[PDB]
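Residue numbers (the deposited numbering), protein chains in the order written: chain B, 75 to 315, 333 to 359; chain A, 75 to 315, 332 to 359.
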Amino acid sequence: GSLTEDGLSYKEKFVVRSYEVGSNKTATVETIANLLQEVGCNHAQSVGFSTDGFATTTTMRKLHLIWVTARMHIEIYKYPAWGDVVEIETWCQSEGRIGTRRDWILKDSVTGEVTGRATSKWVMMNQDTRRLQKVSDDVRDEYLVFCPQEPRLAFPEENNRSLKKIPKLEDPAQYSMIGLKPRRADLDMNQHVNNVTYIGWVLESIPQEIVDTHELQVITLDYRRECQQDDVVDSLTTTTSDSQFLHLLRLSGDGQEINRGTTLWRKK
Amino acid sequence: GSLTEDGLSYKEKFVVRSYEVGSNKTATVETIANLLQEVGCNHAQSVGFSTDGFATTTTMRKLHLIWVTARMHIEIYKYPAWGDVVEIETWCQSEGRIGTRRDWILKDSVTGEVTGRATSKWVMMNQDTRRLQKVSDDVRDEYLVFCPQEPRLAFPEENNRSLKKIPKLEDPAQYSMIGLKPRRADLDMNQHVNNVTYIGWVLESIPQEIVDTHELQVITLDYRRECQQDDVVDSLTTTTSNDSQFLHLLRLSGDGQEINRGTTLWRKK
Ligand SMILES: CNC[C@@H]1COc2ccccc2O1
Ligand SMILES: CNC[C@@H]1COc2ccccc2O1
Numbered sequence: 075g076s077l078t079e080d081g082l083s084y085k086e087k088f089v090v091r092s093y094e095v096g097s098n099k100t101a102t103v104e105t106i107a108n109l110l111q112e113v114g115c116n117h118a119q120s121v122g123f124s125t126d127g128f129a130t131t132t133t134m135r136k137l138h139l140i141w142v143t144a145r146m147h148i149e150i151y152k153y154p155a156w157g158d159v160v161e162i163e164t165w166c167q168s169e170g171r172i173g174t175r176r177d178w179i180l181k182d183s184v185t186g187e188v189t190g191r192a193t194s195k196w197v198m199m200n201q202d203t204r205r206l207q208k209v210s211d212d213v214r215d216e217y218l219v220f221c222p223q224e225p226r227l228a229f230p231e232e233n234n235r236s237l238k239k240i241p242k243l244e245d246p247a248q249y250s251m252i253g254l255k256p257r258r259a260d261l262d263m264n265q266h267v268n269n270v271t272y273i274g275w276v277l278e279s280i281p282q283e284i285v286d287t288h289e290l291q292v293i294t295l296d297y298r299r300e301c302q303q304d305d306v307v308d309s310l311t312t313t314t315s333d334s335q336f337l338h339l340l341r342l343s344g345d346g347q348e349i350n351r352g353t354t355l356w357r358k359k
Numbered sequence: 075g076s077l078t079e080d081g082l083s084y085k086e087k088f089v090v091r092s093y094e095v096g097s098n099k100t101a102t103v104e105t106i107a108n109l110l111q112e113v114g115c116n117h118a119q120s121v122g123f124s125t126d127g128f129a130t131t132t133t134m135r136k137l138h139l140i141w142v143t144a145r146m147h148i149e150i151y152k153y154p155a156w157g158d159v160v161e162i163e164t165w166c167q168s169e170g171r172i173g174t175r176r177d178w179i180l181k182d183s184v185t186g187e188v189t190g191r192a193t194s195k196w197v198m199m200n201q202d203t204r205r206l207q208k209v210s211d212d213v214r215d216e217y218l219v220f221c222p223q224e225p226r227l228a229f230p231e232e233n234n235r236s237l238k239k240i241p242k243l244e245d246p247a248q249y250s251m252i253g254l255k256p257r258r259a260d261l262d263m264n265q266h267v268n269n270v271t272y273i274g275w276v277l278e279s280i281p282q283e284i285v286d287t288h289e290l291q292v293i294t295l296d297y298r299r300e301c302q303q304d305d306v307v308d309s310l311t312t313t314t315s332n333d334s335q336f337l338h339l340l341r342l343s344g345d346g347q348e349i350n351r352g353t354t355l356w357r358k359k
C-alpha cells in the first residue's frame, strides 16, 4: 500500500485468503471489516500517527486522548471470491468539533468497479476516564494537513442509510444468541476487544437459514460501550421488514447496552 | 507464492497485519497456524488438488474420501513483528499406507534465518461415516509425483518433541475455561470448525500471567474428534513442569467426550 499522488488518501491491494471465506466461497463481512481496519492503520502509519488502533498525535499522547469508533456503516455489492484481489482506498475528513470520519471505497482490482463502500464516525475521549470531548484547535491543526479540505464522501446521497437513527430493540427479542465471550484471538495489541468481534457477535443471532438463502448488503453499527475481556454478551435480533433486522448487544448480567444496529439482506 | 524450481515444494511471503498481533506487538500462534494453513492450501491449488481444505483428487472425490489432521506440531523461535515479512516453505511426504505428512519452515524474509518450523500428520477418512482407512495404491500414485522421494524432515532429530506420546489429563484440572462455543468466523467454507480454533481453545485455559511473562515455544496437538457448530467445549490445563510445561485437554461440556489433547512449552521473556 501507499498514499496517493496528493498524499490525501491511501490505497492497498489484498488477495483473499482460504480461511477468510464463508460457506459461499466469498469473503465474510468480518474479513472485509478487518481489511478496512488494516488499510486504516497503514494510512495512520504512513503519515506519522500512532499505530495501536488509536491514531494518536504527540499532543493526544500527553493528554491521554484516544480516537474511538462511535459508528460503522458498511455496504457490499459484491463479496470478493477466494483468490481475488480487492483494492481499498481510504481517507479521513474532519467534522469540526464533533470528531472525525474515515471513509473507504472497495474495488475489484481486475475490473475497477466499485464492489463496496464504508463510512465510520470517530470521537475523541480520555483513555482512563472514558469521557468524550470536542476536538480542540491544537489537535485539528495536526491532522487536517492529511485530509482533503473539500468534502469527499463515500456516501454522498441526501438521506442515505449511513446517517439513519437506530432504535433500541424491545423485549422479547425474536432471535438470540446468549453467553458470548471474547477469547485472546478477539483482542488487539492493547488487550481491548477488536471492533470486528462486535460485528460477528451481532450476526450470531441471525438464523442460519437467513445466512444460507440471503447475502448481507448493509450493516449499521453504533458503539455505546466497550466489552471487557471478562464480560459476557447477549446478541438479540428482531425482523423489522429484502430482509431487515434490528440488533442489540447487551451484557449477559445487568443487561447493560454495548451496541445497537441494523442489517439489510438480499435474496441470492 | 509459487512452487520452487523442482516443483516439489511451495513458498509464500506474508506481511504481518495490525489485527494479527498480540500484546507483545508480534504475531500470535493462531496467526502463524492460519498462515501455515493458507500456504498449504495454495500448494494444493498449484498442483490441481481440491482447495476446500481436504486436498482430495477425482479418485478420493468418487469414494467420498477426505484428508483430515491427526496431529499438529509447531515450534517458534522468533514471532514476526507487525510489518515484518515472513517466508514460509511447505512440502508433503508420504508415510506409506499410514497417511501423509505436511512440513513447514518459517524464515525472516530479510535475514533468511529460520524463525520457526511445523509438522503435521494427515489421515485418509470417509467424509460421511468418519472412518479411517489406509492409503490405497491408486491414491498414493496420484500425490507421490508432487512429493520429494528422499526424506525431507522439518524435525529430523532422533527423539524430538513432534513424535512424543501425549497422556490424558487427570481430573481435577489445575486450570479451566468452560463454555467455549464456535461462532461463524470460526467456521471454514465447508461449515466445519477451523483447526486453528482448537489451538485458541487450548490456550484459553492458560492463565493470563503465564501469557504476560512467557512466550510460547512449542505446541503439540492431537485431534481425536471434530467439534460441531452447535457443540460446547471445556478447556483444561495442568502444569507438568525458566521453562513452563502444560498438559491440555479439550472435551465436550456435556458428556465429557474428548475432542483434543496436547502439550505446550513456554519460556521466560
Ligand atoms: C481516526 N482516523 C482519523 C485520524 C486523524 O486524521 C488522520 C488523517 C490521516 C490518517 C489517519 C488519521 O487518523
Ligand atoms: C494432506 N496433504 C497432502 C495431500 C497429498 O499430497 C500433496 C502433495 C502436494 C500438495 C498437496 C498435497 O495434498
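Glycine included, C-beta positions come from ideal geometry on N, C-alpha and C.
Can you say whether residue i is buried or exposed, counting buried as having 16 or more other CB atoms within 10 angstroms of its CB?
i      : result
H117/A : buried
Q111/A : buried
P230/A : exposed
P225/A : exposed
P246/A : exposed
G81/A  : exposed
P256/A : buried
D262/B : buried
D215/B : exposed
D212/A : exposed
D260/A : buried
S279/A : buried
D345/B : exposed
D308/A : buried
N264/B : exposed
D202/B : exposed
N233/A : exposed
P154/A : buried
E163/B : buried
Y151/A : exposed
Taking 8 angstroms as the threshold (beta carbon to beta carbon), is residue i in contact with chain B?
i             : result
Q265/A        : yes
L340/A        : no
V95/A         : yes
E104/A        : yes
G352/A        : no
residue 331/A : Here chain A is numbered 315 followed immediately by 332, so the structure offers no position for residue 331/A.
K136/A        : no
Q111/A        : yes
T125/A        : yes
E278/A        : yes
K87/A         : no
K359/A        : no
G274/A        : yes
What are the start and end residues of the beta strand (DSSP E) that includes residue i?
i      : result
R175/B : 174–182
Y297/A : 288–297
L339/A : 333–342
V307/A : 307–313
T78/A  : From DSSP, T78/A is part of no beta strand (DSSP E); its letter is neither H nor E.
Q167/A : 159–168
DSSP beta-bridge partners for residue i?
i      : result
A192/B : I148/B, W178/B
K358/A : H288/A
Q207/A : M198/A
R351/B : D296/B, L339/B
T143/A : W196/A
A155/A : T100/A
For the alpha helix (DSSP H) that residue i lies in, which residues bound it at each end?
i      : result
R135/A : 132–136
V213/B : 211–217
Closer than 8 angstroms, CB to CB, is residue i near chain A or not?
i      : result
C301/B : no
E224/B : no
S183/B : no
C115/B : yes
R257/B : yes
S92/B  : yes
Let me know the beta strand (DSSP E) ranges lying completely inside the region 82–120 of chain A, each 3 residues or longer, listed in chain order. 84–89
Runs of beta strand (DSSP E) wholly within the region 230–283 of chain A (minimum 3 residues, chain order): 249–254
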